[PDB]
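Peer 1: Here you go, one structure.
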Amino acid sequence: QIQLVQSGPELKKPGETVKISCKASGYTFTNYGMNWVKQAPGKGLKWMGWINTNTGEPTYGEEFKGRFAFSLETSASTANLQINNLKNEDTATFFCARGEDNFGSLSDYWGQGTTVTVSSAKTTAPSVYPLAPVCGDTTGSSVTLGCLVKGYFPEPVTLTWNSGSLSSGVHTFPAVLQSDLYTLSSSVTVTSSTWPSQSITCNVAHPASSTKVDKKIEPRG
Amino acid sequence: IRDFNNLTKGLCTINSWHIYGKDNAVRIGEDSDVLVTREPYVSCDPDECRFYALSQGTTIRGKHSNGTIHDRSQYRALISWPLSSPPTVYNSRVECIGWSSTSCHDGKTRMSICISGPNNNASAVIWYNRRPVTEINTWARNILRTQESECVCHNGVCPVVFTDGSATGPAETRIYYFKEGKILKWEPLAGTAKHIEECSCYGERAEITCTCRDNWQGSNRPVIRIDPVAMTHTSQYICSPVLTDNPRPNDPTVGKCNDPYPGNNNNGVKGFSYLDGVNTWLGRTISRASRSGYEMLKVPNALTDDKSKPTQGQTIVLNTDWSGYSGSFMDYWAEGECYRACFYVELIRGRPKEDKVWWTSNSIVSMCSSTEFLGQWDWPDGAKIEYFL
Ligand SMILES: *[C@@H]1O[C@H](CO)[C@@H](O[C@@H]2O[C@H](CO)[C@@H](O[C@@H]3O[C@H](CO)[C@@H](O)[C@H](O[C@H]4O[C@H](CO)[C@@H](O)[C@H](O)[C@@H]4O[C@H]4O[C@H](CO)[C@@H](O)[C@H](O)[C@@H]4O[C@H]4O[C@H](CO)[C@@H](O)[C@H](O)[C@@H]4O)[C@@H]3O)[C@H](O)[C@H]2NC(C)=O)[C@H](O)[C@H]1NC(C)=O
Ligand SMILES: *[C@@H]1O[C@H](CO)[C@@H](O)[C@H](O)[C@H]1NC(C)=O
Ligand SMILES: *[C@@H]1O[C@H](CO)[C@@H](O)[C@H](O)[C@H]1NC(C)=O
Ligand SMILES: [Ca+2]
C-alpha cells in the first residue's frame with residue numbers, strides 16, 4: 001500500500017541542522033499532504049504541521065514556527081523536515097504521516113521514524129564481551145549464555161545470536177546510558193544438547209562507527 | 001416560455017465535464033461587499049441560469065459574519081445573482097425568507113419554497129411567481145427541511161421532497177407534488193431507504209430522479225425515482241461499492257442495494273449522481289473523512305449492479321483543497337437532442353476547519369457534460385485565510 005520510508009537516525013551536536021526525509025511509496029504524492037509528528041520520550045504524539053504536497057503550503061504548530069522547515073523534493077516524492085540551530089531539547093523521534101484529507105486531521109499511514117540525538121558526546125565504539133556461565137542447573141535442561149555491549153555511543157546497536165538463525169530464547173535488553181555511553185545485554189537460553197556442541201555467537205554491528213564484532217561464547221567452564 | 005415544460009429528452013453521453021461557471025465569491029469578498037452564503041444551488045429559467053444559496057444577512061468582512069456557521073437564524077434568505085457574479089449586497093435578488101429551500105421553474109414561471117421558524121414550529125411557504133400561494137406547517141416538529149437544490153417539473157408538476165423528524169432516527173420524509181403552487185398530492189416515503197435527507201434531482205424521459213443523504217445509518221445513497229404523471233414513487237440505494245456520502249468507510253467489493261451500507265453513523269453531506277446505465281456518473285469527496293476534493297467517476301450500471309467499479313474519472317478539485325455540498329441541475333430549456341447534465345460543488349471556507357477567521361462561507365464551482373473527452377483542471381475556491389486577519 002502506501003510505504004513511506006524515512007532516513008536513518010542522526011547524532012548532531014547543539015547548534016547544527018539536520019535533514020530528515022520521508023520518501024513516498026504507494027500513493028500519488030500530489031493529492032495527499034505530509035504530516036509531521038514528534039514523539040519525545042515524554043508527552044507522546046505532537047503534531048508539528050502539514051505540507052500541502054501540491055503547492056508546497058506549510059502549516060506549523062506554534063511550538064514549531066521558525067526553527068523548523070518542512071520542504072519537499074517533489075520529484076522524488078520526498079518530504080523533508082529540517083531542524084536548524086539544534087537544541088538538546090529536540091532530542092527525539094520524528095514521523096512523517098500522510099494526511100488523509102486537506103490539512104491532515106487524520107493520518108492514515110506513518111513512516112518508520114527518524115531518531116535524532118542532539119549531543120556533544122563522542123562516538124565511542126563498544127567493547128563486546130562473551131558472558132558465559134560458571135556452572136549450575138539453569139532452571140532445567142537448558143543453559144543461558146549472555147553478551148554485554150559496554151562502551152558505545154550513540155545507540156543503535158544491532159545484536160544477533162548466530163547470524164539471526166538463533167531466535168527462540170533471546171531477550172535483548174534496552175540500552176541504558178551511564179553518563180556518556182550505553183551498556184547492553186542479551187541472553188539466549190539454549191538446550192543442554194545444543195552447547196558447546198553447536199557454536200553459539202554474539203554478532204554485534206555498531207552502525208555508527210563501523211564496528212562489527214562476533215564474539216564466540218567459548219565454554220570456559 | 002408560455003407553456004409548461006415536458007421532460008422529453010434523455011441525458012447526453014457524459015464523456016468528460018467542462019467548466020460551466022465559477023463565482024470567486026470568497027476571493028472577491030476580501031474587498032467587495034459579498035454576503036456570506038452557504039448551501040448553494042444553481043437553477044435555470046427558460047431565459048437564464050443563476051446561482052442560488054442561503055444568505056446569512058451580513059457580508060464576509062462585516063462584524064456580524066462572526067458565527068455564520070449556525071445553520072439556522074431568522075436572518076437567512078434564498079437569494080439569486082447572475083451566473084458567476086458574487087452574491088453581493090447589490091446584485092442579489094431575494095426570493096423568500098428562512099433556512100432551507102428548493103426552487104424550480106415550471107415552464108411558465110418559477111416556484112420557490114422557503115422553510116422558516118424555530119425547530120418545533122417551523123413552516124414552509126411555497127412561493128410561485130414571486131407571490132406566496134401555499135403554506136405547510138410541520139408534521140413532526142423537528143426541523144422541517146427540503147432539498148437545498150433545484151426541484152424538477154413535468155407538465156405543470158414539480159415534486160419536492162421534505163423531511164421533518166430527526167437525522168439520527170427514523171424521521172418523517174414526505175414527497176409533495178405541487179402544480180402552480182397548490183398541493184396537488186403528497187406521499188409518505190415509500191421504498192427501501194431508512195431515512196431520506198436533502199436530495200438533489202434531475203429529469204429525463206418523463207422521470208424525475210433524486211440522489212440523497214442517509215444521515216441516519218448510511219454511507220451509501222438512498223435514490224428516489226418519481227413519476228411526475230402518476231404522482232407516485234420509489235426509494236432504493238445505489239448498489240455500487242463506490243460509496244459517495246462522506247464520512248465514509250473504505251469501499252467494499254460488494255455494496256448493498258436495499259439497505260444502508262454501514263460503517264459511518266449520523267453524518268452525511270449533500271451529494272448527487274446521474275444514474276443512466278452504462279452512462280452513469282457518481283460524484284463524491286476524495287476524502288474518506290472530510291469535505292476535501294471532488295471526483296466524478298464513471299461506474300457503469302452503479303444503481304443496479306452490486307459489484308460495480310469506476311471505468312474513468314475526473315477530478316473537480318484536489319484533496320488538498322476543500323469541497324462541500326453538491327447537487328445537480330440542468331438547463332432544461334437548451335436547444336438540442338439531449339440534456340447536458342451539470343452539477344455544482346460548494347467550496348466551504350472558514351470554520352470549523354480553518355478556524356482563524358470567525359466565519360464560514362463558500363464558493364460555487366460548476367461543470368456540465370461534454371461528449372468530447374476533454375482534459376481536466378482542478379478548481380480551488382482560492383482565498384488565503386490569512387488575508388482576512
Ligand atoms: C489529461 O486529462 C485527462 C482527462 O481529464 C486525464 O485523464 C483522466 O485522468 C484520471 C486520472 O488518471 C483518470 O481517472 C482514473 O480512472 C480509472 C480507470 O482506469 C479509475 O479507476 C480511477 O479511480 C480511482 O482513482 C482515484 C485516485 O487517483 C481515487 O481517489 C478514486 O476513488 C478511485 O479509486 C478508488 O476506487 C475503487 C474503490 O474505491 C478502488 O479500485 C481504488 O483502490 C480506490 O480506493 C480508494 O479511494 C477511495 C476515495 O479516494 C476510498 O473511498 C477507498 O476506500 C480507497 O481509499 C480514476 O478515476 C481518468 O480515467 C482519465 N480519463 C480520461 C478520459 O482519460 C489525463 O490523464 C490527463 N493527461 C495529462 C497529460 O495531463
Ligand atoms: C406537455 O406534455 C403533455 C403530455 O404529457 C401535453 O398535453 C402538454 O400540452 C405538453 N406541454 C408542452 C408545452 O409541451
Ligand atoms: C465574535 O468574534 C470575536 C472575535 O472577533 C469572538 O471573540 C467572539 O466570541 C465571537 N462571537 C460572538 C457571539 O461575539
Ligand atoms: Ca451518510
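Naming works like this for the C-alpha cells: A, B, ... for the chains as they're shown, residue 1 at the start of each chain, ligands 1 onward in shown order.
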As an MDAnalysis selection string, please: the residues near segment 199-211 of chain A (cut-off 10 Å, only C-alpha atoms, same-chain neighbours under 4 positions excluded).

Peer 2: chainID A and resid 9:11 123:131 145:149 152:164 166 186:188 190 194:195 215:219

Peer 1: Give the residue list for ligand 3 at 7 Å, counting only C-alpha atoms and all ligand atoms, as a list in words, sorted by chain and then by residue number.

Peer 2: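 Final answer, ordered by chain and number: residues 66, 67 and 358 of chain B.
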
Peer 1: Write the selection just made, keeping N, CA, C and O atoms, as a short mmCIF file (atom, residue, chain, number, x, y, z; two decimals), in the first residue's frame?

Peer 2:
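Dumped to selection.cif:
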```cif
data_model
loop_
_atom_site.label_atom_id
_atom_site.label_comp_id
_atom_site.auth_asym_id
_atom_site.auth_seq_id
_atom_site.Cartn_x
_atom_site.Cartn_y
_atom_site.Cartn_z
N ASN B 66 -19.35 36.97 12.13
CA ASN B 66 -18.76 36.14 13.13
C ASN B 66 -19.86 35.14 13.54
O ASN B 66 -20.90 35.62 13.98
N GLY B 67 -19.68 33.82 13.38
CA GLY B 67 -20.70 32.83 13.74
C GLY B 67 -21.72 32.43 12.67
O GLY B 67 -22.80 31.91 12.94
N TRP B 358 -13.57 33.92 12.04
CA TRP B 358 -14.74 33.60 12.84
C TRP B 358 -15.96 33.27 12.01
O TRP B 358 -17.00 33.00 12.58
#
```

Peer 1: Could you give me the residues within 8 Å of ligand 4, counting only C-alpha atoms and all ligand atoms, as an MDAnalysis selection string?

Peer 2: chainID B and resid 213:221 245:248 264:269

Peer 1: Counting only C-alpha atoms, which residues in chain A sit no more than 6 Å from chain B? For each one, give the nearest pair of atoms and the distance in Å, sorted by chain then residue number, as CSV.

Peer 2:
```
residue,atom,partner,partner_atom,distance
A:31,CA,B:319,CA,5.6
A:101,CA,B:287,CA,5.4
A:102,CA,B:320,CA,4.4
```

Peer 1: Can you check which parts of chain B lie within 6 Å of ligand 2? Per residue, the shortest pair of atoms and distance in Å to one decimal, counting only C-alpha atoms and all ligand atoms, sorted by chain and number, as a tab-separated table.

Peer 2:
```
residue	atom	partner	partner_atom_place_in_ligand_line	distance
B:3	CA	ligand 2	13 (C)	4.3
B:4	CA	ligand 2	13 (C)	4.8
B:5	CA	ligand 2	13 (C)	5.3
B:6	CA	ligand 2	1 (C)	4.8
B:155	CA	ligand 2	1 (C)	4.8
```

Peer 1: Considering only strand (DSSP E or B) as DSSP defines it on the backbone, what residues of segment 155-293 of chain B qualify? List them as a PyMOL selection string.

Peer 2: chain B and resi 157-165+171-179+182-188+197-204+207-213+222-227+232-237+273-274+281-284+292-293

Peer 1: At a cut-off of 9 Å and counting only C-alpha atoms and all ligand atoms, what residues surround ligand 1? Please answer as a VMD selection string.

Peer 2: (chain A and resid 27 to 28 31) or (chain B and resid 15 to 17 241 to 244 248 to 253 284 to 288 295 to 299 309 to 315 319 373 to 377)

Peer 1: Determine the nearest neighbour of residue 89 of chain A from the options A:136, A:15, A:58, A:151, counting only C-alpha atoms.

Peer 2: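 Using only C-alpha atoms, the shortest distance to residue 89 of chain A belongs to A:15.
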
Peer 1: When you count only C-alpha atoms, which of these residues is closest to residue 134 of chain B: B:389, B:183, B:158, B:175?

Peer 2: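 Closest to residue 134 of chain B, using only C-alpha atoms: B:183.
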
Peer 1: To one decimal in Å, tell me the separation between atom CA of residue 116 of chain B and atom CA of residue 197 of chain B.

Peer 2: 17.2 Å

Peer 1: Which residue gives the smallest distance to residue 343 of chain B among B:12, B:19, B:89, B:161, with only C-alpha atoms counted?

Peer 2: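 Between B:12, B:19, B:89, B:161, the residue approaching residue 343 of chain B most closely is B:19.
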
Peer 1: Go through B:35, B:133, B:171, B:124 one by one, measure the shortest atom-to-atom distance of each to residue 189 of chain B using only C-alpha atoms, and give the residue with the smallest value.

Peer 2: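 Selected residue with least distance to residue 189 of chain B: B:171.
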
Peer 1: Could you check the closest approach to residue 144 of chain A for each of A:8, A:104, A:56, A:196 and tell me which residue wins, using only C-alpha atoms?

Peer 2: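 Selected residue with least distance to residue 144 of chain A: A:196.
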
Peer 1: Do you know which residues are at most 6 Å from residue 338 of chain B counting only C-alpha atoms, after dropping those on the same chain fewer than 4 positions away, and could you put them as a PDB file with C-alpha atoms, in the first residue's frame?

Peer 2:
```
ATOM      1  CA  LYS B   9     -35.095  14.089 -23.925  1.00  0.00           C
ATOM      2  CA  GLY B  10     -32.715  11.803 -22.158  1.00  0.00           C
ATOM      3  CA  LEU B  11     -29.267  12.635 -20.970  1.00  0.00           C
ATOM      4  CA  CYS B  12     -26.452  13.261 -23.465  1.00  0.00           C
TER       5      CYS B  12
END
```

Peer 1: Tell me, as number ranges by chain, which residues lie within 8 Å of residue 29 of chain A, counting only C-alpha atoms; anything in the same chain fewer than 6 positions away does not count.

Peer 2: A: 53, 74, 77

Peer 1: Can you tell me which residues surround residue 42 of chain B at a distance of at most 10 Å, considering only C-alpha atoms, apart from same-chain residues fewer than 5 positions away, and format the answer as a PyMOL selection string?

Peer 2: chain B and resi 21+49-53+80-83+103-104+148-150+327-331+342-344+364+366

Peer 1: Grab the atom CA of residue 208 of chain B to atom CA of residue 227 of chain B distance for me, in Å with one decimal place.

Peer 2: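 Taking atom CA of residue 208 of chain B and atom CA of residue 227 of chain B, their separation equals 6.5 Å.
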
Peer 1: When distances are computed from only C-alpha atoms, which of B:179, B:76, B:93, B:105 shows the smallest separation from residue 151 of chain B?

Peer 2: B:105
